[PDB]
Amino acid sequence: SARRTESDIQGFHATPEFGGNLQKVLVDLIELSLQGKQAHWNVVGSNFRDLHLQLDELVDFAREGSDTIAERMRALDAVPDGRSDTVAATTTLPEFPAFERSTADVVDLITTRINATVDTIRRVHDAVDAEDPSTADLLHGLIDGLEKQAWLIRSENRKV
């Protein structure tokens, strides 16, 4: 009686611009995870262990995040690209340096990397929100989680 009578009800399709905006988030989340592991392995020095552990927590969050974004793309029939060549070619994050790095350096480097990742999400936010408020909520989760990680990591170098 209130039942719709069409047999093919279509779902919400993301525009290609929307898809491209999420793609920007995706490559930076993947880059951050790869850099996070690099730092996790190669960090040395005063308070090694805390940083080693916190960096894995960052990587866990970024990996869950990239999965969330890529699957949101798929849900809206966009198609993610998380391949190494694409990530390296299109990430906005400054390159992580080679070799062992002191804990103090890793703190500063990773804080910058996180901040760059958050900047990407904040940059695409309003365009994403305008087309799909539900996706913007996922972006909010990422902003909150990553900014927490930035605070947890950077506080090591804070002098008061």
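Residue positions are given as counts along the sequence shown, with the first one as 1.
Of the two stretches examined, 5 to 13 and 133 to 141, the record assigns the greater average C-alpha temperature factor to 5 to 13. The question of which stretch, 99 to 107 or 31 to 39, has the higher mean Cα B factor is settled in favour of 99 to 107. In the deposited entry, the Cα temperature factor of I121 sits in the bottom third of values across the chain's modelled residues. Among all modelled residues in this chain, the alpha-carbon of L26 has a temperature factor (C-alpha) in the lowest third. Among all modelled residues in this chain, the alpha-carbon of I69 has a temperature factor (C-alpha) in the lowest third.
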